[PDB]
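**Student:** Sequence isn't available, so here's the structure alone:
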Ligand SMILES: Nc1ncnc2c1ncn2[C@@H]1O[C@H](COP(=O)(O)OP(=O)(O)OP(=O)(O)O)[C@@H](O)[C@H]1O
Ligand SMILES: Nc1ncnc2c1ncn2[C@@H]1O[C@H](COP(=O)(O)OP(=O)(O)O)[C@@H](O)[C@H]1O
């Protein structure tokens, strides 16, 4: 539009601008700031209105760099809630939160723009076909099956997994799902995003030669951005996916990592915005904002948006509100635990807490359900006997319970996977195993029939036959 | 008092800030009623109390009923005095909410004599010197852990364990033995359990459906429907409805508060609503002063004691956090009701070992009472120790020196169970009232060892020691057949 | 109450105790048209300017328009306290508190077209007979959005509203959809 | 019809005739990302929902002096800082009728399923004076959940508002679904309100209800997470106002809330936006008042009112399994007892993961039927003894016969308790199941086969001894003829199960 | 503080009647905002920091913290 | 942890022991769990010895430079 | 909460 | 449910027909009132509305 | 599995019924709209006289 602004105050990233009384933009309405840069005149930093203060001025968080802005600059509002270019153009390109290309190739076309902040899809049309997915990880394909056309949570502490696991999952599924992929770098470290970009342009997913041939379209609002950008990078990725679910009608698999940053940035701007602080320090509108993101991801009778958010459980605070409200929205939660990466068992997914709404027998298979029940019960038994093991000596517990402890040890080692993208940290080559092979492996492992192999013959092993061969190799190099 | 016509300026949740003309403002804790209106078309008045003055003639007041629908600027009228509770012989039997309107729907209460809620403390020329204990009427209480007449008492036990039959027995015994009269004052009483208690009262004869103002309870029910102002002031309402009893009739009045932690929780709600900065864990800043104003008017004045019994629900079971801490600073006798004892059927389920009282000491009770009480507690400690080992060895295998201790401890744990004057409605047992003298002599006879051959079940559900020997010789007379 | 409302209530109370209430109301109108036109507001604000220079210029502006002394006293106290930056809002709420004290009520009759003065006095009759004010004041505003009739905005401030207008269509059609 | 469509319009446009009332109207100062601090609404009752110029309905909670701070019951994007917002004489009511049966609704009582439009000429105000003590009665008749654990150890009677607390992902929604699915043979109108659960989980639950056929009688008040803070705040109150109507017209109901943690969290949001001072855990002042005002209208009435009963069954999600946090200790102080699901017991195979311990119920044996009053006593006592002796199980090396047999029957008793997903066990079948577990007629079998043997026994008995059904369903006591019939049936079934 | 305690209408009338006029109140102060056990008083400029001020009913008050106008 | 791993080592260190971090993190559990021991077979008795010999040498006295081969 | 939760674990 | 989803869509279509085609009707009706803007309308409507409005107010 | 194939049959039935009936009703609404337009001019004229007394 044309409503000249005269920015009144600039208190950190949150800047509030005093429009004329009649012409005033709405909430969540973008404000491109006609301002000067540190050097050189042309510089347009984008701001999205958050609330109207009633003194003819609205509060607007700044998506771009906040320095250099002066009090009194002319700003104009688009009138449209921050349109983002998507569609057949957005493919292959690392996209900014503003709706711009970042990978220094040619600018995209804006023939298929869309508002970023839109209404949630109604319950009247909701496609829910309960079906399992074969991601590739032994444990998460067995213990906590993933619901395609549904949401998946890779919870974890700081550095437990959830990004190497996301890289392995995308390395698996980016070729499997004929639908496009969307990666939302919500507040993830810039070097891991560039590692992902290099891995994608090498693994053919990007296919930099003909950029219209990519099976992916990236969105990066990574760490080095003002808290506006981390407050809307998730919604940019969501708008790309929502276009791929409204128009192309194809099952798009979007990846968001460190979705907790989409709440942390909201906190950092909410504290400034005058909104009072909530519990331990996040924003008051934690639930509404988190839901406003994570509800748009539903299979909506034209396609199925399967999404895998990698929540960042801060400092292993499992009770923290930012993962506690995401546990409500997330179907197949996979709580990775620092205590299980302590002993080296990668991925450090908790066999107990990683649970899914797809471990019902009519949905997964009766054999799958009974073997998952026996594995999880054995691990619960091991956790309950941890204290007896810890103090009173390993031998002083029961002899059948000693069988259960050895079986639990073999299980919690065997559910470790050598990943393809984690080959650099383990040194061992990556091994992909489907659901059937690991099912048959767990059967014979917990059944006590092959309870004679050494423990390290099960750890970091792709399959059960690989474990049997590793036992031969290990017993040979033991004496030799 | 007068038409102190004011506007209800600000209404946040329950809190409703009212204004006034500059001259006449009601002082703090002065009840003011609003001339409110219901959205159904009835001019319903919700009564309020000025909790904090705010300077510009505007007194921030909390509401003792729902503010849903209170129009801004609705005429609010002062009463000039705190909430006039209709005390007297009239309020003997019926159920009252905080402002003192009978909610059981029976009939209107005679408001002839009314004292304010906020009558101040009694001074040291009023308080009594001698520390006489309170002969309740339960053998366990009046032997092992006596209740202090004029002092506070804590029932840590849960609900369903037997708290209702215990308080019913206490009310009937206070009506029977002394000239006393009880005032149940359940604060934040969950209305289902409130109706449960009312119906059990009516079916026990403790109160009469047909005879009101000859009953033995003055029920003041703080519901949980009401805003946090009401289920906080229900404690003070019970306090003054019993204080008028003691200071007009000179009788040993009882005062049952439901959980003090529920009163303190209501205080926390009302203070967070007033916006004053919360203290430690989250109870109000004026926690000690507030609950001290609640629990210091419970003192044996020279007219007659107002000894009370206060349930206490510790949160997450720690006596450390402030509210149970500032309560246990007051409590003079704490008796826990034990779920295992209730499941065994040793009614009353009061735990004989963990129940403690500051009044047990010898210069207070009597040297013989303190000696026999200490020896009974040491015997029950011996029994709780040897209950581990009679599972393995058996009574005859271990030494016959303390096999007598195990047998006497069985006889003591059975002798403690008293058939009440309320358990008749459940089983038909007629019930025996036991003063301190009888249980003292009986426990000396049991623990000394004269009754080493009486069967254990001859001691269960019996009153005095002579009646116990009567039960024993009864079993002996039937032993031939 | 608001701080501006308190200061305005002080000014209205003084203009009540001294029989100059109408002259003080006119003086407040003059003063609010003075404290409009931003550079004067910017001068009386901006605490960098010395207090002596501010009060001297205020004395000059006082002796220019011949204000009542107690209203001049009011602005001078406003300069004394740090609350001079609320001056526009205080003079704005003066109309509210003055109408409340002198007993009159304002009814902004907004119609499509200008209204006859006798028929405006009939509107004043009706509004008075539902409010109960002595000298009910009606400042009318011509509006293009309405269609046939008029709206009344009598009350505290906009609070009560009666309108026979495009709202007729609006309510008939909110009841026409009926979902 | 070709022009009768517009001839229908003539009805309305000639019927309504515009009486000139006064609409309370003021401007909008501030629209604060979920709140709209409108100014000038003077004689607006606290709670009287306002209507903007863009049709964004919203409640006027916070009535300050110079700005009535309303909250928005929809999205607030289109409010334009000065648009005259008009009050509406509604005080936040909802229409309610028996035509609401089956259709999932939002908190506006507007159907969100789609398959019709409910007409209702009876309107109930949402917040209402709950049943007083003159109205309420003691809990007489029980309410079978279909679970041996929460129907033998700790009952739930009609009127008693038991509480399903527990760790996240433990079966709270599953025990609630089991209750609503069992409650088919009975007559209860099981209003299931979902607060802040995602839309897809509510779709799964509504289609599970449909597959099991229970959707005929259960208003699933759905509230998706992207509904604003006001609507997630209002959902329990909406379902309470529906079940309250159904209870007042003699019909026993059962309202099952979902995630009061999420509901009070949405109230926390809207109140911290509305600038109300916060208390513990940043929950506002009136959280306890809030939960009580919607949870203490769950009563069993008297014959003076109709004998109907609303029987709440909230769900409180507590993280890390604590009783200590603000909202769970508030809801535990309100609710008549509680139950305890636990994540470790859940991952130890025990489903439903009912904690055999602390999960007390304030009612007790005053709720259960005479058959349960008989057999649940022995079941509770044996579970108490087994739970005390639970440490001896792994170390029982030829200990004496009393301890050995009691502990073995307890090891079989927990397997008796654990029952499959969504399996509703009506009263008669769980009666015989508890009896079989407690009086020893399954001691010969090992730990594993107890489940299979009991399912086959329940099938065989309920299909070949219909006199047991007559006795238990009719006489509601475990009299000697039923005891002998069950003994002979269990004996013949053990013979055919030895024949395998 | 935007809502300053010495801004009651009645009190600011006392100051607004005399701008730079007849002398101040030496030892006469009107109590205001006497709420949470902490009364505030307009004027009373004679009060020493720590002086012991009195009231009408006969209650005693230590005058700890005297701000610009309100001697709290 | 280290997010770059053996992608940021010399090829010599990647060839000698890149599984070293995982081997030691795994040996941590064989230390703690088999610390309270009974019936230690040659597998455990020799694996603990190998892990001790693998962990003990990582004890650099500070301010001493090491060329990359002097770690290899 | 990773501080209180550890102590709850040790208590249990 | 098949019979009722088409009921939902026919009801939505009917009411959308109503509201939209009336919106066109009133967008035309305001133009028809543009000839009746000031001269013949306001005196009659204002007098009648003020009469009935003062009556409703005095009631 | 045969039940699942029968579910596929009923699913094809809802496909054909939904698609064809929705097409016919989306045509019916336009048919009635274009049938109404003269009567919406008449209706606007009717409302004009009603709101001008
Ligand atoms: N009897 C049972 N048999 C098998 N699985 C069960 C049983 N009871 C519960 N479950 C499991 O519980 C899960 C659902 O429980 P529920 O929905 O209560 O968890 P929740 O996350 O606490 O719910 P919410 O999302 O409402 O918080 C399902 O995945 C199901 O596998
Ligand atoms: N399969 C694996 N093999 C070896 N190391 C692993 C494996 N998975 C995770 N790790 C270690 O844990 C870290 C987890 O990845 P990272 O990106 O740090 O997680 P986050 O994004 O939570 O910080 C990796 O840097 C790696 O060092």
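**Tutor:** Happy to help now that I have it. Residues are numbered from 1 along each chain as shown, chains lettered A, B, ... in the order given. Ligands and ions are numbered 1, 2, ... in the order given.

**Student:** if you look at stretch I:6-21, does any of it touch chain H?
**Tutor:** Yes. Against chain H, stretch I:6-21 shows contacts by C-beta under 8 Å from any C-beta of the partner chain at I:14, I:17-18, I:21. Using the backbone N, CA and C atoms, a C-beta is placed for each residue, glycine as well.

**Student:** I only care about these that end up buried; give me the PyMOL line for that.
**Tutor:** To isolate the buried ones among these in PyMOL, judged by 16 or more other C-beta atoms under 10 Å in any protein chain shown, type:
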select buried, chain I and resi 21
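
**Student:** Tabulate the residues of stretch I:6-21 next to chain H in JSON lines, adding columns for distance to residue D:161.
**Tutor:** Listed next are those as JSON lines, based on distance: C-beta to C-beta, whole Å:
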{"residue": "I:14", "distance to residue D:161": "41"}
{"residue": "I:17", "distance to residue D:161": "45"}
{"residue": "I:18", "distance to residue D:161": "43"}
{"residue": "I:21", "distance to residue D:161": "46"}
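
**Student:** Of all residues in chain H, which one is closest to chain B?
**Tutor:** Nearest residue of chain H to chain B: residue H:59, at 17.5 Å (C-beta to the nearest C-beta).

**Student:** For ligand 2, see how far away that residue is.
**Tutor:** 72 Å (C-beta to the nearest ligand atom, to the nearest Å).

**Student:** Can you tell me which residues in chain C are near chain E?
**Tutor:** So far as C-beta under 8 Å from any C-beta goes, chain C lies against chain E at C:3, C:6-7, C:9-11, C:13-14, C:70, C:73-74, C:76-77, C:80.

**Student:** what about 7 Å?
**Tutor:** C:3, C:6-7, C:9-10, C:13-14, C:73-74, C:76-77 (C-beta under 7 Å from any C-beta of the partner chain).

**Student:** Go through those residues and say which is closest to chain G.
**Tutor:** Using C-beta to the nearest C-beta, the residues of chain C next to chain E come closest to chain G at residue C:3, 43.1 Å.

**Student:** what about that closest one, how many residues close to it?
**Tutor:** Using other C-beta atoms under 10 Å in any protein chain shown, the number of residues around residue C:3 comes to 16.

**Student:** which residues does it contact?
**Tutor:** C:83, C:86, E:2-3, E:7 (C-beta atoms under 7 Å, 6 or more residues apart in numbering or on different chains).

**Student:** if we can go back for a sec, among the residues of stretch I:6-21 next to chain H, which pair sits farthest apart?
**Tutor:** I:14 and I:21 (10.4 Å; C-beta to C-beta).

**Student:** roughly how far apart are residue A:122 and residue D:58?
**Tutor:** To residue D:58, residue A:122 is 20 Å away according to C-beta to C-beta, to the nearest Å.

**Student:** Comparing these two, which shows the higher neighbour count?
**Tutor:** More crowded of residue A:122 and residue D:58, by other C-beta under 10 Å: residue D:58, with 23 against 12.

**Student:** Just give the number of residues close to the nearest residue to the more buried one once chain neighbours are set aside.
**Tutor:** In this structure, residue D:58 finds its nearest non-sequential neighbour in residue D:72, 4.2 Å apart by C-beta to C-beta, 6 or more residues apart in numbering or on different chains. For residue D:72, the neighbour count with other C-beta under 10 Å is 25.

**Student:** For residue D:72, what are phi and psi?
**Tutor:** phi -100, psi 130 (degrees, to the nearest 10).

**Student:** Likewise for the one 3 residues further on?
**Tutor:** Backbone dihedrals for residue D:75, given as degrees, to the nearest 10, come out at phi -70, psi 140.

**Student:** need the contact list for it.
**Tutor:** So residue D:75 contacts residue D:228 (C-beta under 7 Å, 6+ apart).

**Student:** Please tell me how far it sits from residue D:52.
**Tutor:** Taking C-beta to C-beta, one finds residue D:75 at 11 Å from residue D:52.

**Student:** Validate this expectation: residue E:19 resides in a helix.
**Tutor:** No. Residue E:19: not assigned to a helix; according to DSSP: H, G, I helix; E, B strand; the rest coil it is coil.

**Student:** Need the nearest residue in space to it, chain neighbours excluded.
**Tutor:** In space, and not counting its chain neighbours, residue E:19 is closest to residue C:73: 4.5 Å by C-beta to C-beta, 6+ apart.

**Student:** Check the gap between the nearest residue in space to residue A:57 that is not next to it in sequence and residue B:24 for me.
**Tutor:** Using C-beta to C-beta, 6+ apart and skipping residues adjacent in sequence, the residue nearest residue A:57 is residue A:18, 3.8 Å away. According to C-beta to C-beta, residue A:18 and residue B:24 sit 45 Å apart.

**Student:** Let's verify residue D:405: helix, strand, or coil?
**Tutor:** Going by three-state DSSP: residue D:405 is helix.

**Student:** Would you enumerate the residues in contact with the residue lying closest to residue A:95 once chain neighbours are set aside?
**Tutor:** Leaving aside its chain neighbours, residue A:95 sits nearest to residue A:219 (4.6 Å; criterion: C-beta to C-beta, 6+ apart). Contacts for residue A:219 (C-beta under 7 Å, 6+ apart) come out as A:95, A:182-185, A:233, A:236-237, A:240.

**Student:** ok now stretch H:4-23, how far from the chain's centre?
**Tutor:** 18 Å (C-alpha atoms, centre = their mean, to the nearest Å).

**Student:** That stretch close to chain D?
**Tutor:** Yes. Against chain D, stretch H:4-23 shows contacts by C-beta under 7 Å from any C-beta at H:4-5, H:7-8, H:11, H:14, H:17-18.

**Student:** in stretch D:366-373, what's buried?
**Tutor:** Those would be D:366-369, D:371-373, for stretch D:366-373 by 16+ other C-beta under 10 Å.

**Student:** could you say which helix or strand contains residue A:46?
**Tutor:** Applying DSSP states H and E as the criterion places residue A:46 in strand A:43-52.

**Student:** Residue C:115 and residue C:139 touch, don't they?
**Tutor:** No. Using C-beta atoms under 7 Å, residue C:115 is not in contact with residue C:139; the gap is 11.4 Å.

**Student:** Looking at those two, which one has more neighbours?
**Tutor:** residue C:115 (20 against 10).

**Student:** Now that one. Nearest residue, chain neighbours left out?
**Tutor:** According to C-beta to C-beta, 6+ apart, the nearest residue to residue C:115 is residue C:140 (5.7 Å).

**Student:** Test my guess that the one you found contacts residue C:116.
**Tutor:** No. Here residue C:140 lies out of contact with residue C:116, judged by C-beta under 7 Å, at a distance of 10.4 Å.

**Student:** so residue D:386 sits in a helix?
**Tutor:** Yes. Judged by three-state DSSP, residue D:386 forms part of a helix.

**Student:** do you know how far it is from residue D:407?
**Tutor:** For residue D:386 relative to residue D:407 (C-beta to C-beta), the value is 6 Å.
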